[PDB]
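Peer 1: Take this structure first; my questions come after.
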Amino acid sequence: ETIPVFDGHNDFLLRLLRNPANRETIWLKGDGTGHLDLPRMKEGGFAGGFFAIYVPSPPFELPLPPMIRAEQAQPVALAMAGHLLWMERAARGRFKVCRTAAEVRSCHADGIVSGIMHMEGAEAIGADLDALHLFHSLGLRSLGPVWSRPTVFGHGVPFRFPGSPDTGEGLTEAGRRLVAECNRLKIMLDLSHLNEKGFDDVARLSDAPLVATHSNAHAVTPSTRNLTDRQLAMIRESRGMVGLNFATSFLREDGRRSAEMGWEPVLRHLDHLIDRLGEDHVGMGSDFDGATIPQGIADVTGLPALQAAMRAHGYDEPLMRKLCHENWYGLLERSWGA
Amino acid sequence: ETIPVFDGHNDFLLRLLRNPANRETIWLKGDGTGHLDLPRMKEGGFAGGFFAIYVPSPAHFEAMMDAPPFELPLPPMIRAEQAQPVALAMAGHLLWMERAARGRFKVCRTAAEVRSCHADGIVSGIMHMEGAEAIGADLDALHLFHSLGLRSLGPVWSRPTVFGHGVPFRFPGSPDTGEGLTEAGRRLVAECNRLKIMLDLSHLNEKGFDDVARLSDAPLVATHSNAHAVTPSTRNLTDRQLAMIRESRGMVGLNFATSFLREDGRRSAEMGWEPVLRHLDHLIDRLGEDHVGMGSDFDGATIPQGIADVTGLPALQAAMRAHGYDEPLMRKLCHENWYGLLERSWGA
Ligand SMILES: [Mg+2]
Ligand SMILES: [Mg+2]
Ligand SMILES: [Mg+2]
Ligand SMILES: [Mg+2]
């Protein structure tokens, strides 16, 4: 009675980027490192998720990395998109890249692992947006305009604790064009990493539900990466969605990276998000393979232990199902049509 | 009396790559230069064609082809890391052309789509890659480009790749200029067959051609190449290569480049119709009436003064008719032979 989980964000693709020669083993067998691979997804009741294409750069605060332009980002983003299509070839029907809400739901029914092509940081898209149309043809259905790094579209938050997400300038003209064009193409915009001014611009300009695929409650942990109550109110009004990030740095009240922590911070964030957003607007946004996560979860096979903790906390079965997958599926329908 | 033409190869996207700030005018209005633009296409009876994504290398070359014997050196190899941004730029302009034209141009992914454009008078475009530099030896990007609409690929231009080797521009000379396909090239042929991406042998050298003839399960195609027996350019096809194409039920598109039409292999646009008609006769004779069409190389070559740009297609058709091609043969040469080839390569 593990409930299948659909997840808001993972960086498994980055592992294939860094060791392409070993891709067969890492994806199909596992290489005994990291949080994810196909057998462990199955063992832990991972139903699918958004798979990020993320172009990497070469009290605390990390400096912002330099901007990467489309010429340098494009080959890396193509490499990662190429690995995601390869995963589907190699898994011979047990994994499917989905481009519609109906496809996600059919995978769920069929026990086929679903994947949504997601871009975290829009460096591979030029200010002209021509590449946005190309990526959309390839299957891209979700885009975070920024990572924690300046782009031609706007600005992401630096990693800092404690601090407000109001960390810099809002969207550029090109970023405002990017919102309008993702709305028209029905590409879900992802606000995670975006700074508060950029968030405000999206809230003002987008005609679609506001989404943060992997961010927690700033009221609970004041990381610059978490969402204030004001931002949560805006997400709620838009009938949007927030995916809970399993990064220890965004869960612990002290904002420390340490994995030595119990279920209380996880439940504290989940309670706060559910309380403010509503039961229909919260899900999982693990950041599997992109963060250090609680020792209690450890990797994707830790999802059943997380559910057991949520159950013990008193979340009823209908709410467990919404939190594990149903809320994401309804969000996809509200964002893309269904 | 102009028959709509479906064409084997043009390099219009290169004009857009070179001047992307002016693309709205270049495409929708014309900028008074070049061979193609949307109004002139309509004027000339251009039904559609393959639009090449071609990654250029870095006046001298044009001067060397003005007076043969000549041989241009091969440029250096370009790797996927460098080629990919350029091929994405061009692929991106092609999708833009369709957005901008608001229904008067359509990028087609199936033979049925191409035919439906023809019936509706909508200009059709097939996404074509000329030289496979933007594809790594691993082929992962082949799958990516196919998803976005790529349906045709020449593994090489006239430049070495990880897949094999193109011919140097030379006159006179054999197309047997270098080595055949690499192991990666053999895998590339197998995967284009599985994905049903049409292979284009134009620019490929003789050993590479032979490899594809042996390995491909699909009709052999050269989108823009003429008869070596008439003009012995390294870029043209020998009678042996023509017989191989004929046997596979393939296709050859006539290149309008003066260099590949004139008996003397010169670049000058100052020429009549007789060489055009000589090549067409020879092709038709050896390939059959079903296996020949146009492959202009519009915006990619110097072409005869009598054609000059896409508005000259009607003049070419009049010369063909005056040469005694009847109407059913005209319709085969102008478009029906390509549509048939697409059905044999991709499925009907
Ligand atoms: Mg990530
Ligand atoms: Mg992230
Ligand atoms: Mg060309
Ligand atoms: Mg060419």
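Chains: A, B, ... in order of the structure tokens. Residues: from 1 per chain. Ligands: from 1, in order shown.
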Which protein, DNA or RNA residues have an atom within 7 Å of ligand 4, counting only C-alpha atoms and all ligand atoms, as a PyMOL selection string?
Peer 2: chain B and resi 130+157+202-203+224+297+300
Peer 1: Neighbours of residue A:284 within 9 Å (only C-alpha atoms; same-chain residues fewer than 5 positions away dropped), as a list in words?
Peer 2: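 Counting only the stated atoms, we get residues 5, 6, 7, 8, 9, 213, 214, 242, 243, 244, 245, 246, 323, 324, 325 and 328 of chain A.
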Peer 1: Using the selection just defined, write its residues with N, CA, C and O atoms as a short mmCIF file (atom, residue, chain, number, x, y, z; two decimals), in the first residue's frame.
Peer 2:
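What follows is the written file again.cif:
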```cif
data_model
loop_
_atom_site.label_atom_id
_atom_site.label_comp_id
_atom_site.auth_asym_id
_atom_site.auth_seq_id
_atom_site.Cartn_x
_atom_site.Cartn_y
_atom_site.Cartn_z
N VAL A 5 4.09 7.63 -6.41
CA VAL A 5 4.35 9.05 -6.28
C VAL A 5 4.75 9.65 -7.63
O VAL A 5 5.64 9.14 -8.33
N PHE A 6 4.12 10.78 -7.99
CA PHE A 6 4.58 11.54 -9.10
C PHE A 6 5.31 12.74 -8.58
O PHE A 6 4.81 13.43 -7.68
N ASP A 7 6.51 13.00 -9.12
CA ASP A 7 7.39 13.95 -8.45
C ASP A 7 7.65 15.20 -9.30
O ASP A 7 7.77 15.13 -10.53
N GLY A 8 7.82 16.33 -8.62
CA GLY A 8 7.98 17.60 -9.31
C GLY A 8 9.37 17.95 -9.87
O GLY A 8 9.43 18.84 -10.70
N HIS A 9 10.45 17.24 -9.51
CA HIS A 9 11.79 17.64 -10.01
C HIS A 9 12.88 16.65 -9.64
O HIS A 9 13.10 16.41 -8.46
N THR A 213 8.02 24.02 -8.66
CA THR A 213 8.13 22.54 -8.63
C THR A 213 8.94 22.00 -7.47
O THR A 213 8.78 20.83 -7.11
N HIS A 214 9.81 22.82 -6.90
CA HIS A 214 10.64 22.31 -5.81
C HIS A 214 11.06 23.39 -4.82
O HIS A 214 12.23 23.80 -4.78
N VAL A 242 2.70 23.55 -5.47
CA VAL A 242 4.05 23.64 -4.92
C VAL A 242 4.48 22.24 -4.65
O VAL A 242 3.73 21.50 -4.04
N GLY A 243 5.68 21.90 -5.11
CA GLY A 243 6.26 20.58 -4.82
C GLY A 243 7.27 20.69 -3.69
O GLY A 243 8.18 21.52 -3.76
N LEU A 244 7.14 19.83 -2.66
CA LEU A 244 8.02 19.89 -1.51
C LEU A 244 9.43 19.39 -1.89
O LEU A 244 9.58 18.26 -2.38
N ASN A 245 10.43 20.22 -1.63
CA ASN A 245 11.84 19.92 -1.91
C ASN A 245 12.40 19.15 -0.73
O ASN A 245 12.16 19.53 0.45
N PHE A 246 13.13 18.07 -1.01
CA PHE A 246 13.62 17.25 0.07
C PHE A 246 15.01 17.74 0.51
O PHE A 246 15.63 17.11 1.36
N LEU A 323 -1.48 14.16 -2.29
CA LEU A 323 -0.14 14.65 -2.05
C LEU A 323 0.86 13.84 -2.86
O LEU A 323 1.87 14.38 -3.27
N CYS A 324 0.61 12.54 -3.03
CA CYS A 324 1.52 11.62 -3.75
C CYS A 324 1.46 11.77 -5.25
O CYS A 324 2.51 11.69 -5.91
N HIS A 325 0.27 11.98 -5.85
CA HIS A 325 0.22 12.12 -7.32
C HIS A 325 -0.95 12.92 -7.88
O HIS A 325 -0.80 13.48 -8.95
N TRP A 328 -0.54 16.88 -8.66
CA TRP A 328 0.20 17.07 -9.92
C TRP A 328 -0.63 16.76 -11.17
O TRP A 328 -0.60 17.50 -12.12
#
```
Peer 1: Taking only C-alpha atoms and all ligand atoms into account, which residues have an atom no farther than 9 Å from ligand 3? I'd like them as a PyMOL selection string.
Peer 2: chain B and resi 9-12+14+51-54+129-130+157+224+297-301
Peer 1: Select, as a PyMOL selection string, those residues of chain A with any atom no more than 12 Å from chain B (distances computed using only C-alpha atoms).
Peer 2: chain A and resi 20-21+69-89+124-126+128-140
Peer 1: Do you know which residues are within 8 Å of ligand 1 using only C-alpha atoms and all ligand atoms? Can you write them as number ranges by chain?
Peer 2: A: 9-11, 52-54, 120, 287, 289-290
Peer 1: Excluding same-chain residues fewer than 4 positions from residue A:264, what lies within 9 Å of it counting only C-alpha atoms, as a count of residues only?
Peer 2: 3
Peer 1: Tell me which of A:107, A:210, A:282, A:332 sits closest to residue A:93, counting only C-alpha atoms.
Peer 2: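 Residue with the minimum atom-to-atom distance to residue A:93: A:107.
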Peer 1: Find, counting only C-alpha atoms, the residue in A:212, A:308, A:205, A:16 that gets nearest to residue A:226.
Peer 2: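 Among the listed residues, A:212 lies closest to residue A:226.
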Peer 1: Do a neighbour search on residue B:166 at 8 Å with only C-alpha atoms, toss out local chain neighbours closer than 2 positions, and write the hits as a ChimeraX atom specification.
Peer 2: /B:156-160,164,168,178,203-205
Peer 1: Quick check, in Å to one decimal: how far apart do atom CA of residue A:224 and atom CA of residue A:254 lie?
Peer 2: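 Rounded to one decimal, the two atoms are 13.1 Å apart.
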Peer 1: Work out how far apart atom CA of residue A:207 and atom CA of residue A:184 are and give it in Å to one decimal.
Peer 2: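 Between atom CA of residue A:207 and atom CA of residue A:184 the gap is 9.3 Å.
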Peer 1: Out of A:191, A:211, A:67, A:98, which residue has the shortest atom-to-atom distance to ligand 2 when counting only C-alpha atoms and all ligand atoms?
Peer 2: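 Once distances to ligand 2 are computed over only C-alpha atoms and all ligand atoms, the minimum belongs to A:191.
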Peer 1: Quick one: DSSP strand (DSSP E) residues in stretch 150-288 of chain B, as an MDAnalysis selection string?
Peer 2: chainID B and resid 150:154 170:171 198:199 221:222 251:254
Peer 1: Show which residues sit within 7 Å of residue A:144, as a ChimeraX atom specification. Count only C-alpha atoms, and ignore same-chain residues fewer than 4 positions away.
Peer 2: /A:119-122,189-192
Peer 1: Would you save the residues of that selection, restricted to C-alpha atoms, as an mmCIF file, in the first residue's frame?
Peer 2:
```cif
data_model
loop_
_atom_site.group_PDB
_atom_site.id
_atom_site.type_symbol
_atom_site.label_atom_id
_atom_site.label_comp_id
_atom_site.auth_asym_id
_atom_site.auth_seq_id
_atom_site.Cartn_x
_atom_site.Cartn_y
_atom_site.Cartn_z
ATOM 1 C CA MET A 119 14.236 22.745 -18.453
ATOM 2 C CA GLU A 120 15.650 24.331 -15.287
ATOM 3 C CA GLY A 121 17.076 27.668 -16.392
ATOM 4 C CA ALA A 122 16.339 28.796 -19.941
ATOM 5 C CA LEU A 189 6.369 27.854 -16.103
ATOM 6 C CA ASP A 190 8.327 26.837 -13.021
ATOM 7 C CA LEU A 191 9.024 29.647 -10.471
ATOM 8 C CA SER A 192 11.512 27.653 -8.310
#
```
Peer 1: Compare A:221, A:228, A:286, A:22 by their minimum atom-to-atom distance to ligand 2, counting only C-alpha atoms and all ligand atoms, and give me the closest one.
Peer 2: A:286
